[PDB]
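Taken together, the values in this text are just the output of simple stated rules run on the coordinates, not laboratory data. In this analysis, Cβ positions are derived from the backbone assuming ideal geometry, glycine residues included, and neighbour counts consider all displayed protein chains.
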Amino acid sequence: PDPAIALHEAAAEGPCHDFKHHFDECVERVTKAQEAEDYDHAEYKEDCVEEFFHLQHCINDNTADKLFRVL
Amino acid sequence: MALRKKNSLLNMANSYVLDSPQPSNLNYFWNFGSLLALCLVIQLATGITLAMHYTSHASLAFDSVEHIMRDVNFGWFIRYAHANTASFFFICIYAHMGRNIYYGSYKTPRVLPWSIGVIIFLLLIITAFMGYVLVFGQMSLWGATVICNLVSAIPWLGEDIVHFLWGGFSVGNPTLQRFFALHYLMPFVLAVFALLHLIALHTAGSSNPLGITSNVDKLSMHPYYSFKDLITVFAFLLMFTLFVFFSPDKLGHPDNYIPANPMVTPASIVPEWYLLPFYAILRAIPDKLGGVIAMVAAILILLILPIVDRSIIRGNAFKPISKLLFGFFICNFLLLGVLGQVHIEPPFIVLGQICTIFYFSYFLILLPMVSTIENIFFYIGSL
Amino acid sequence: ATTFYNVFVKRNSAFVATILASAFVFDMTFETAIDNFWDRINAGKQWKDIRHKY
Amino acid sequence: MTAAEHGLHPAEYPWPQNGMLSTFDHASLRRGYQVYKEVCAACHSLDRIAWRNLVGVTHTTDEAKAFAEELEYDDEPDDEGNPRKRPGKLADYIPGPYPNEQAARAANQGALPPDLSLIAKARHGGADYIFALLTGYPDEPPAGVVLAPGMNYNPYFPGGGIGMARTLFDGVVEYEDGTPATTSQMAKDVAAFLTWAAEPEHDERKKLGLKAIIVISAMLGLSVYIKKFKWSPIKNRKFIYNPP
Amino acid sequence: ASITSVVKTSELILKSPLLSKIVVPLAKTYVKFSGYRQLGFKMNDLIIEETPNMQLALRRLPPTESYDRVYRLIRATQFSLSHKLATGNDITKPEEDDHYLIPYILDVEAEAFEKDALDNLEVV
Amino acid sequence: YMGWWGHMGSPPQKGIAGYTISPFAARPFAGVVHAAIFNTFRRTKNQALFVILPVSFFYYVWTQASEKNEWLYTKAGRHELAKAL
Amino acid sequence: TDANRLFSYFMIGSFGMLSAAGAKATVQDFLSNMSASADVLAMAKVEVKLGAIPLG
Ligand code: HEC
Ligand code: HEM
Ligand code: HEM
Ligand SMILES: CCCCCCCCCCCCO[C@@H]1O[C@H](CO)[C@@H](O[C@H]2O[C@H](CO)[C@@H](O)[C@H](O)[C@H]2O)[C@H](O)[C@H]1O
Ligand SMILES: CCCCCCCCCCCCO[C@@H]1O[C@H](CO)[C@@H](O[C@H]2O[C@H](CO)[C@@H](O)[C@H](O)[C@H]2O)[C@H](O)[C@H]1O
């Protein structure tokens, strides 16, 4: 099984917890906003890409070296 | 009489490389001239060699460069050497121009070598632009497209001239084949002008870092500057080695490893790094023609330094205010370079314009003012 | 050590011959030495290290 | 531009070939060829690589001739001028999955899978980008991303919507050397292989650079001694002035 | 610029009390930071000499002044190539920084500028 | 403006006596340690301001501009970006 | 002393030796570009089967 799966999960719960929370909160908001009607006829549709990038960037910083060490 | 003086041919060599009387106090910034000569020699040797393996036809050009990388013995080295030395050529040429501006090499009696030098600089730009197109990667094509479209700005005849340059209605095979021929030629023209500016200089002799006459204290060019030039040759070769062997693509744009595709437009079309300041100057002016004129003027304005520098003293070694102004000018030129590669977005739009204004105001306002004031301070200050 | 100067250095013909012979020796030995050094720092990585499997 | 439009920048992974004195791991290269052959070659060509290029890098002469001989290539016409096929030779280039661009796009919902011979040089990031992209398909696109039809979300790709679906899953390849074929292992191997494909001179280049660095360093040191030696009469010069 | 211009402008400043009060101290600091005295130069040694006018002025120097100028230039060149500064007696003290050349160049230029004027005279 | 050896165009020189020693008689690296430390420190100290002032100013300018640009293209900077265009 | 001269000529000679070794390497590697490239050397040793060819 893929070593990356575990390392990414560990880094999310640990050193990247703040970023994990931001992404989570973001998704909650956006999904709820999509649930509401007349969302399709809004000007601005919020995404979670920014928060996702912050999280992924963080995970990668805490994982890259560990992952390549076990391949 | 010694043969090297008696024989007319040897005596010409002698007068330039051996008995040539030089100031005894040239510092390491006088070594860029020989490094530029070394770059020119490397570019000729590697360039002529690439020409033996490169095919100028648009159907084969990109593939011929891959063939050089992959199939030709040491082709990788010759290709990377040629490509990286083009970057070093501009580092050295900017250093050489920087030295000349700081030490007032453009003042009388050296206006002519300076002015011929400004033309050498233009030929280098043209040479390097055409050479870049020859790869016929995405940046090659799109760079040629946008740079050649600047000529469309010339009123009345502009469009006709662009079609004439291209040999066609877009950048394609005819353009590529003609740029090959001219790219081969232009370095020889550049070598002739480089030789002319030296011959022009030989009437006054080299300036020196104090800006005083050296007629009182001369040194033969050889052995003293011969062996001093070796140090920078080996320092240069070390820097060359680190790029060519260990990071050959650090100075390159990845998009040039994608074959030219007239349909797909790359994300960001930027020139090679050494042309970026001129590109920033062009973007600063909103008008198309205005932008082109400004870009050319940014180079041609160097020709007025002999006039706008009003100092009674040659060069900046002893001029604290001029040294500060020069520092700001150089750093602004580097900022322009950086703004040449950012996206056309806030807040870099306004910043680019301010840097462009600072660039021109150095020649037109600040240098004439500062040089006038320092004249007065030296006179009153020493009474 | 005067002897060494007199034999190898005094005549430029001899000095240039010495330099070129030394360059020959250097070139051959340096080649061999770097080859071995390169193989030790890149041990088990190169084709010659895995070739034996095939 | 927005970060989305740029793509997330890939992590710096410690590749075996990173390091001034480091070659590729050829065992990884060989494994990576097997990933190319069993996964990527379905859609992506490797047109600049000939069978002969694998020899003495990843495979012996015999293995590579075997690979070449399994395929049919266009021969010179026969004596009646009819087209003929021949078995492949080491000089032949590895053949592509599609005869032209149009066929490639038709098979990939309009997207054209690029040739991979240069892709490691042709993208910012190189090996790291290829590794990040192959391994970086999230289970679910970040909430609020609208993918165009036939696009897949991948943050490393600029814009986020990539026409290539996730293709590496645990055990799509069975490595012949017994290495566990995990998504990450396969991505590392194929990314190494593609890096080699883009720059096959890499190993030789770095060795010659080591020789150059050493010689040029010594020459630089000596040139400094010699300069100082020859200049000492000028540096050491002394004056006595008696006004006349 | 001409030495004439520099000298005239400086005299306008030294006349105006206000101007001199603010300019003289600045110019003295400027000259201290300029640092030419640290190479044993006098100010006048630094004036560009490759001009017909300045060559003429240098030819008009008294032999003594001329020989000493050559020494200061040679000495400074040696400090420059050595990357050393003058020490002790080689440093130019403010009292030794005399305008030995300014009178000669002002005379040369006076004649050259009169010549230009008179080449443009119109009988009335 | 410059002649050649023997007629270089120097004003007449008289009364400067110049002394030097053979390269073989001198230690080429005499006082190198002192120079490499004290002389280089002196020369660098005297030129430091002329480099530091412009570099620090233009680096600060670039830093401010790049940080603003980055911020304008976030969610948070949407409104300020809309006005800036 | 002869020791004294010899030492400085050892430095000059070493520099000449590395310059010679470096030049030889540079010349040899660089000119080799003009020897048959890899693709030419491949389109060279033609292999033919013999099973296909009948007697006579
Ligand atoms: C069945 C289809 C398919 C398979 C299997 C496939 N790809 Fe792709 N790939 C594509 C398509 C289509 C694109 C173009 C995506 C686009 O431009 O939107 C692509 C794009 C890429 C890109 C470049 C993305 C970019 O930046 O332009 C790389 C690198 C890549 N693939 C590598 C691989 C590797 C490595 C494998 C497998 C080990 C692989 N691909 C498997 C279809 C495939
Ligand atoms: C191929 C490009 C060039 C080469 C090979 C070259 C070469 C040289 C050489 C060998 C010297 C004498 C030594 C030195 O001062 O460094 C020199 C001096 C000079 N060059 Fe260049 N040069 C080139 C380009 C330029 C350019 C672009 C300019 C000006 C814009 C220029 C202006 C000068 C001036 C003014 C001098 C006299 C400087 C002085 O000694 O005070 N040159 N050049
Ligand atoms: C001042 C001298 C020269 C400069 C500044 C110069 C610059 C360049 C540049 C920038 C490129 C693009 C390189 C790349 O990214 O691949 C190039 C390519 C090329 N140049 Fe030159 N060049 C010079 C002299 C020459 C000469 C004399 C020739 C003789 C034909 C030549 C032949 C080529 C060829 C064939 C290419 C295309 C192959 C390639 O891209 O490597 N060059 N040149
Ligand atoms: C830098 C590359 C090396 C090759 C040299 C360049 C080739 C082209 C040079 C010839 C151009 C004319 O160059 C000119 O030649 C003559 C004699 O050679 C020189 O004349 C100079 O030296 C000779 C003796 O050495 C004297 O008779 C004369 O009084 C003096 O001025 C000029 O100062 C130089 O300007
Ligand atoms: C002014 C010129 C005077 C006439 C001189 C003629 C020189 C022409 C020489 C070309 C000879 C090249 O021939 C060949 O050189 C290469 C390097 O280039 C050597 O190659 C050796 O080192 C290279 C790296 O340098 C490796 O890639 C290679 O695996 C190894 O075998 C070969 O062992 C030799 O067979």
Item to check | Pairs beyond 31 Å (Cα-Cα), from D:230/F:45; D:37/G:49; D:230/E:28; B:323/E:115; D:230/F:14 | outcome: D:230/E:28; B:323/E:115
Item to check | Those GluC sites (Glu not before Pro) in region A:15-71 that DSSP places in a loop and that have at most 11 other beta carbons within 10 Å | outcome: A:37, A:43
Checklist entry - In region D:28-103, what GluC sites (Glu not before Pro) fall in a loop by DSSP, with at most 16 other Cβ atoms inside 10 Å? => result D:70, D:80
Checklist entry - Which helices of chain D meet both criteria: a Cα extent of 15 Å or more along the helical axis and a mean Kyte-Doolittle score no lower than -0.5, with helices taken as whole DSSP H segments? => result D:183-198, D:202-235
Checklist entry - Regarding the protein assembly as shown, what are the three Cα extents along the principal axes, ordered largest first, in Å? => result 104, 88, 63
Next on the checklist: Can you compute the charge dipole magnitude of chain E about its Cα centre, using +1 on each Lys and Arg Cβ and -1 on each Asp and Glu Cβ, nothing else charged? Give it in debye, rounded to the nearest 20.
Outcome noted: 760 debye
Next on the checklist: As I understand it, the value is the acute angle between the Cα axis of helix C:12-41 and the longest principal axis of the Cα atoms of chain C; what does it come to in degrees, rounded to 10?
Outcome noted: 20 degrees
Item to check | Cα radius of gyration and Dmax for chain G (Å) | outcome: 26.2, 87
Item to check | Theoretical FRET efficiency, 1/(1+(r/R0)^6), r = Cβ-Cβ of residue F:48 and residue E:20, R0 25 Å, to 0.05 | outcome: 0.15
Checklist outcome for this item: For residue A:20, counting only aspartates and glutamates whose alpha-carbon sits under 17 Å away and dropping same-chain residues fewer than eight positions off, the answer is A:9, A:28, A:47, A:50, A:51, A:61, D:139, D:140
Checklist entry - In whole percent, what relative contact order does region D:14-77 give with Cα contacts below 8 Å and a gap of six or more residues? => result 25 percent
Item to check | Rel. contact order, % - alpha carbon contacts under 8 angstrom, at least six apart, chain B | outcome: 23 percent
Checklist outcome for this item: Taking a straight Cα-to-Cα line shorter than 15 Å from residue B:319, and setting aside same-chain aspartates and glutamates fewer than 8 residues away, one finds B:309, B:374, E:45
Next on the checklist: Compute the distance from the alpha-carbon center of region B:125-161 to that of region B:1-29, in whole Å.
Outcome noted: 42 Å
Checklist entry - Quick one: Cα centre-to-centre distance for region D:116-171 and region A:14-71, in angstrom? => result 17 Å
Checklist entry - Can you give the Kirkwood hydrodynamic radius for chain B, in Å, rounded to one decimal and based on Cα pairs? => result 22.8 Å
Item to check | Rounded tilt (10° steps) of A:17-35 against the dominant C-alpha axis of chain A | outcome: 30 degrees
Checklist entry - What does the convex hull of the Cα atoms come to per residue for chain E, in Å³? => result 138 Å³
Item to check | Helix-derived mean residue ellipticity, 222 nm - over chain D, DSSP H n ≥ 4, -39500 (n - 2.57), to 500 | outcome: -12000 deg cm²/dmol
Checklist entry - chain B: longest stretch without exposed chymotrypsin sites (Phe, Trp or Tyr not before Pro) (DSSP loop, at most 11 other Cβ within 10 Å), sites themselves excluded? => result B:170-383
Item to check | Whole-angstrom gap from region B:272-287 to region B:48-64, using each part's C-alpha centre | outcome: 30 Å
Checklist outcome for this item: Here FRET efficiency (C-beta to C-beta, residue D:101 to residue G:32, R₀ 35 Å, nearest 0.05) is 0.40
Checklist outcome for this item: The extension gain from residue F:67 to residue F:17, computed as 0.36 nm times the residue separation minus the Cα-Cα distance, is 11.7 nm
Checklist entry - Per the helix-only calculation at 222 nm, which mean residue ellipticity applies to chain B, given -39500 (n - 2.57) for every DSSP H run of n ≥ 4 and division by its residues, nearest 500 deg cm²/dmol? => result -20000 deg cm²/dmol
Next on the checklist: Past 20 Å, Cα to Cα: identify those pairs from C:53/D:206; C:10/D:238; E:42/E:93, in the order given.
Outcome noted: C:53/D:206; C:10/D:238
Checklist outcome for this item: Toy charge model, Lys and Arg Cβ at +1, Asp and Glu Cβ at -1: the protein assembly as shown dipole around Cα centroid in debye, rounded to 20, equals 6200 debye
Checklist outcome for this item: Output for chain C: trypsin sites (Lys or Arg not before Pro) sitting in coil per DSSP, at most 12 other Cβ within 10 Å, listed by number, reads C:11
Checklist entry - Helix A:49-61 versus the longest principal axis of chain A: what is the Cα-based angle in degrees, 0 to 90, to the nearest 10? => result 10 degrees
Next on the checklist: Can you give me the convex hull volume of the Cα atoms of region D:127-244, divided per residue and expressed in Å³?
Outcome noted: 263 Å³
Next on the checklist: I'd like to verify something in chain B: which complete DSSP H helices, judged by Cα projection on the helix axis, reach 20 Å or more and average at least -0.5 on the Kyte-Doolittle scale?
Outcome noted: B:32-51, B:75-102, B:111-133, B:173-201, B:226-241, B:320-339, B:367-382
Checklist entry - For chain A, what's the relative contact order in percent, using C-alpha pairs closer than 8 Å and at least 6 residues apart? => result 50 percent
Item to check | Kirkwood Rh (inverse of mean 1/r, distinct Cα pairs), chain F, angstrom | outcome: 20.1 Å
Checklist entry - Which is the longest part of chain E that has none of the GluC sites (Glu not before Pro) sitting in a DSSP loop with at most 14 other Cβ atoms within 10 Å? => result E:1-94
Checklist entry - So for the protein assembly as shown, taking the charge dipole from beta-carbon charges (+1 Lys/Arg, -1 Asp/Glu), which of F:5, B:86, D:16 sits furthest toward the positive end? => result F:5
Item to check | Cα-Cα pairs of chain D separated by more than 32 Å (percent) | outcome: 40 percent
Next on the checklist: Students often forget the sequence filter, so: which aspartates and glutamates lie under 18 Å Cα-Cα from residue D:211 once same-chain residues fewer than 8 apart are removed?
Outcome noted: C:27, C:31, C:35, C:39, D:201, D:203, G:29
Checklist entry - At residue C:5 and residue G:8, where each label point lies 7 Å from the Cα along Cα→Cβ, what is the point-to-point distance in nanometres? => result 1.1 nm
